Structures are given as structure tokens and as C-alpha cells.
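>>> missing the sequence, but the structure's below:
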Ligand SMILES: Nc1nc2c(ncn2[C@@H]2O[C@H](COP(=O)(O)OP(=O)(O)O)[C@@H](O)[C@H]2O)c(=O)[nH]1
Ligand SMILES: Nc1nc2c(ncn2[C@@H]2O[C@H](COP(=O)(O)OP(=O)(O)O)[C@@H](O)[C@H]2O)c(=O)[nH]1
């Protein structure tokens with residue numbers, strides 16, 4: 001079940017980023033034990049009728065990248081502007097879209113409170129069927145549009161995926177893992193395997209096990225793998241150090257909420273200073289992923305690779321454990337007893353209970369009075385307290401405050 005990908009396309013200033021923001025998951029109410037993740041303006045996820053969808057704002061990519069996004073998407077949401085009417089640049093985009101071989105949903109944005117007949121008039125001639133009436137500023141028509149997008153769509157064990165930039169060692173590591181002691185192997189995107197009584201499925205969205213067998217980076221296919229997997233193994237290339245692009249990928253993993261293990265690959269042959277330099281770079285540039293187990297390996301020579309299986313099992317178990325309101329509240333009471341919340345404007349903040357908001361991203365909701373006066377430093381203290389109490393690894397703990405009712 002790979003998530004469908006919807007590419008938002010259209011001229012500048014039609015409302016693509018506004019619609020993207022309306023549809024995607026907001027993380028404004030969350031405070032993490034360690035900050036360091038921003039809101040992605042290119043890729044996101046949305047949910048409509050329980051069906052999760054990947055969204056790409058092609059305006060955030062700006063033509064090579066835009067063309068790649070369109071070619072790798074399942075459907076296309078093409079936005080035009082009711083206030084402008086049909087303009088020549090819309091027609092240029094339309095002709096390009098017709099040559100691709102995919103569904104085009106036409107959406108007329110900025111409809112505001114104008115009648116549909118007025119809004120849609122200029123756009124029937126584009127030949128993309130119904131010009132869906134929307135206003136991204138108010139939500140008008142958005143649910144109806146997304147319902148039409150949905151309607152026009154076609155033992156696993158622990159699912160894992162390798163994520164990383166080109167040439168970091170993904171195919172090498174896949175081949176090495178599948179050949180480790182006691183591993184047995186038996187559409188082509190899923191590769192089931194087992195080790196002892198442990199069942200796994202490798203997710204290979206870019207088909208790299210096949211290219212290695214016989215012989216272009218896709219952020220979309222990386223995101224699809226990340227959302228399909230239970231645990232991600234992110235590979236760094238120790239010879240290159242920590243790169244800006246590595247950080248962009250890691251951030252997306254953390255934002256997606258998926259369990260993470262870091263494999264620092266190509267560790268072989270490095271001297272004491274080289275190794276210490278890589279370690280120091282990780283500590284300086286990646287403290288936001290301290291919750292993730294990391295292993296220094298050589299996929300090529302096999303050194304340290306076997307440690308990954310227990311890391312997969314333990315990371316999965318950590319986020320899958322039972323987390324009742326009673327046990328979360330028991331932990332909250334203990335945290336408060338050890339370190340009392342500060343008085344704010346002279347009034348005491350009273351924290352009453354905690355419940356599980358979500359496992360991905362891990363969100364613990366803390367209820368009380370005057371909770372929004374809680375300094376962010378206290379929220380970070382609570383995040384760390386829950387982390388230690390339940391031994392959360394592979395995912396960061398987020399605290400969401402709620403001042404009931
Ligand atoms: N009146 C109106 N303005 C909108 C609507 N949606 C977006 N806008 C505005 O149109 C402008 C362009 O929007 P933006 O999302 O940046 O367009 P993009 O360049 O396609 O990403 C911004 O000022 C938005 O606030 C809408 O439904 N109605
Ligand atoms: N020295 C060394 N080279 C490696 C290691 N892992 C992969 N490589 C090399 O790095 C290159 C890219 O490996 P590959 O698995 O194709 O990377 P992918 O693009 O991430 O799938 C190849 O030349 C590999 O032999 C390693 O652990 N040590």
C-alpha cells in the first residue's frame with residue numbers, strides 16, 4: 001500500500017502554497033524534547049476519508065525538478081485563478097499536462113463567495129472536465145475536490161526501508177543484510193525475508209536491489225518508502241561527512257514520524273582523526289536525532305551490520321508498546337512531584353492527566369489549567385521525562401498542551 005502522490009501545479013500566485021498549507025499536517029501545537037525541525041514547503045501528507053496522500057507543491061521546487069515531480073506523481077491538481085480568468089500561461093501549462101499520461105483535476109481557486117457559474121465559466125474549454133470551485137483561503141470546495149481525487153484512485157512482519165542520498169551505500173547494505181548469518185529470503189517493491197523467528201519486509205521503491213543485481217535520486221520515492229516502512233535505516237557516507245542534503249532528508253524522516261536508525265557507512269579504512277571528525281560533525285549538526293540509535297558500519301566489508309537487526313526490533317517495540325492514559329498520567333504525576341511547574345503571573349499551573357494523541361509522530365497530550373503559560377522549557381522537561389520512563393527510542397517525544405475543556 002504505497003501512498004498516492006498528488007502534484008500541485010499552476011502559474012505563480014494562483015494559490016498552490018495556500019492550498020498545500022490548508023491540506024497538510026500542521027505541527028504548530030507540538031513541542032519536542034529537542035527542537036530542530038521546520039515545516040516542509042515542498043512535500044507533505046494529508047488525510048481524506050482515512051486515505052493518506054502525499055502532496056507535492058511544485059511551486060516550492062522552482063523546470064527539471066518540476067517535470068520530475070509531475071512524472072513521478074499519480075495524479076495532478078492543476079490550479080487556476082478565478083479572479084484572472086483563463087490566461088495564456090494557463091493554456092501553456094495545460095498543453096504540457098495533456099502530453100503526460102495522467103489524470104488532471106482542474107481546480108479554480110480564489111472563488112471566494114462568487115457563484116459557481118461565474119467562477120467556472122472561462123475554464124470548461126480547458127477540457128479537463130469539471131472546473132472544481134475552491135477557495136483555499138476559506139476551505140470552500142476543498143473537501144469536495146479531495147473526495148473526487150480519492151474516488152479516482154485504483155504476514156508482512158516489520159517493514160524496513162533504506163533512505164539516503166545517492167552513492168551512500170544503500171544497495172550495498174541491502175545486499176549485505178540479506179546475506180547475514182541466519183537470514184533467509186524467498187509486487188517487486190516488497191522483499192520478504194526472515195532471521196530466526198523474526199519476519200521482515202524490505203521496501204525498495206526505487207528498485208535498487210534490482211539495479212545492483214544487473215548493473216537518479218527521487219525524493220518522492222524516498223517519501224513513499226518512509227511512509228510505508230515501520231523502521232527507516234538512514235545512511236550517512238562517512239567519507240563525505242554530514243551534508244546539507246543529508247540534513248534535509250533526516251528532517252523529512254523526523255517530520256514523517258517514522259522510527260529511525262542511523263547507519264554511518266564507509267567507516268572502513270578511516271584513521272583515528274577522520275573517525276573522530278565524523279563523530280564530532282554528527283554531534284554538532286544532528287543533535288535533533290539523538291533519540292535514534294546509530295551504528296558505524298561497513299556495508300562493503302560487513303563490519304557492524306549485524307547490530308542492525310536488534311536495533312530494528314527494539315525501535316519497533318519501543319513505539320508499539322502499550323501506552324494507556326493511566327500509565328501516562330502516572331508518569332506525569334511523578335514528573336510534577338520531582339520538579340514542580342513554575343508560577344506564571346502568580347498563578348500555579350496544574351497538570352491533571354496525559355493521554356496518547358498519536359504514535360506517529362509520537363504525541364503525548366497534557367491536560368490542565370493555564371497550560372499555555374507553561375514555559376517551553378518545562379514542556380521539554382516533560383518530553384524527556386516520558387522518554388526516560390518508557391524508554392522511547394527511534395522517535396522524538398512531542399508534548400501537546402490542552403487547557404480543558
Ligand atoms: N482571495 C483569495 N486569495 C487567495 C486564496 N488562496 C490564496 N490566496 C492568495 O493568493 C496569493 C498567492 O497565493 P500563493 O499560495 O502564494 O500562490 P502560489 O504562488 O501558487 O503558491 C496570496 O496572497 C494568497 O493569500 C483564495 O482562496 N482567495
Ligand atoms: N569503502 C566502502 N565503500 C562502500 C561501502 N558501501 C558502499 N560502498 C561503495 O560506494 C559506492 C555506492 O554504493 P551503492 O550501494 O551503489 O550506493 P547507493 O547509491 O546508495 O545504492 C559503491 O562503489 C560501493 O562499493 C563501504 O561500506 N565502504
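Happy to help now that I have it. Numbers count the residues shown, from 1 in each chain. Ligands and ions are numbered 1, 2, ... in the order given.

>>> now do the same contact list for the nearest residue to residue 321 once chain neighbours are set aside.
In this structure, residue 321 finds its nearest non-sequential neighbour in residue 390, 6.7 Å apart by CB to CB, 6 or more residues apart in numbering. C-beta: built from backbone N, CA, C; applies to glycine. Residues near residue 390 by CB atoms under 8 Å, 6 or more residues apart in numbering: 318, 321, 323, 331.

>>> the last one sits in which helix or strand?
In other words, residue 331. Element membership for residue 331, per DSSP states H and E: helix 325-338.

>>> show me what that helix is packed against.
Counting contacts by 3 or more CB pairs under 8 Å, 6 or more residues apart in numbering; DSSP states H and E, helix 325-338 is packed against strand 350-359, helix 376-390.

>>> I'd like those as TSV, with distance to ligand 2 appended.
Converted to TSV, the helices and strands packed on helix 325-338 look like this (distance: least, CB to the nearest ligand atom, whole Å):
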stretch	distance to ligand 2
strand 350-359	29
helix 376-390	31
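
>>> which residue packs closest to the residue nearest the centre of the chain, ignoring adjacent ones?
Nearest to the geometric centre of the chain sits residue 256, at 2.3 Å (CA atoms, centre = their mean). Distances taken as CB to CB, 6+ apart place residue 226 nearest to residue 256, at 5.1 Å, with adjacent residues excluded.

>>> and if you look at residue 374?
residue 349 (5.6 Å).

>>> coming back round to it: next helix or strand past the helix holding residue 331?
Per DSSP H and E, the first helix or strand lying C-terminal to helix 325-338 is strand 343-344.

>>> got a list of what residue 320 touches?
For residue 320, the contacting residues are residue 359, by CB under 8 Å, 6+ apart.

>>> check residue 114 too.
residue 82.

>>> that one and residue 141, how far apart?
Separation of residue 114 from residue 141 (CB to CB, to the nearest Å) stands at 12 Å.

>>> try residue 85
According to CB to CB, residue 85 stands 18 Å off from residue 141.

>>> of these two, who's got more company?
Between residue 85 and residue 141, counted using other CB atoms under 10 Å, residue 141 has the larger neighbour count: 19 against 12.

>>> wait, doesn't the more buried one sit right on residue 133?
Yes - assessed by CB atoms under 8 Å, residue 141 is found in contact with residue 133 at 4.8 Å.

>>> tell me, what's touching those two both at once?
Joint contacts of residue 141 and residue 133 (CB under 8 Å, 6+ apart) are residue 111.

>>> how is this protein divided into domains?
In terms of domains, the chain is parsed into 18-152, 158-320, 329-401 (source: curated CATH domains).

>>> those domains: which one's closest to ligand 1?
For the domains of the chain, the distance to ligand 1 is smallest for domain 18-152, at 3.4 Å, taking CB to the nearest ligand atom.

>>> and the closest one, end to end?
Domain 18-152 stretches 24 Å from its first residue to its last (CA to CA, to the nearest Å).

>>> try stretch 289-303
Distance between the two ends of stretch 289-303: 23 Å, counting by CA to CA.

>>> now the two most distant members of the contacts of residue 390.
Largest separation among those by CB to CB: 318 and 331, giving 15.0 Å.

>>> near ligand 2, which residues of the stretch 251-400 of the chain?
Proximity of the stretch 251-400 of the chain to ligand 2, by CB under 6 Å from any ligand atom, involves residues 265, 266, 268, 298, 299, 300.

>>> in strands only, show me these.
Secondary structure assignment (DSSP state E) places residue 265 from these within strands.

>>> just the angle between the helix holding residue 331 and strand 350-359, please?
Helix 325-338 runs at 130 degrees relative to strand 350-359, counting by axes from the mean of the first three to the mean of the last three CA atoms, to 10 degrees.

>>> now the residue of the chain most remote from its centre: how far from residue 373?
Farthest-out residue of the chain from its mean C-alpha position, per CA atoms, centre = their mean: residue 346, at 40.6 Å. Using CB to CB, one gets 11 Å for the distance from residue 346 to residue 373.

>>> next one: residue 323
27 Å.

>>> between those two, which is the more surrounded one?
The residue with more neighbours, out of residue 323 and residue 373, is residue 323; 19 against 16, by other CB under 10 Å.

>>> check contacts around that one.
By CB under 8 Å, 6+ apart, the neighbours of residue 323 are 356, 390.

>>> and what of residue 220?
5, 43, 54, 56, 68, 69, 72, 73.

>>> report the two of these separated the most.
Going by CB to CB, the pair spanning these furthest: 54 and 68, at 14.3 Å.

>>> higher neighbour count, these two?
Per other CB under 10 Å, whichever of residue 54 and residue 68 has more neighbours is residue 54, with 22 against 19.
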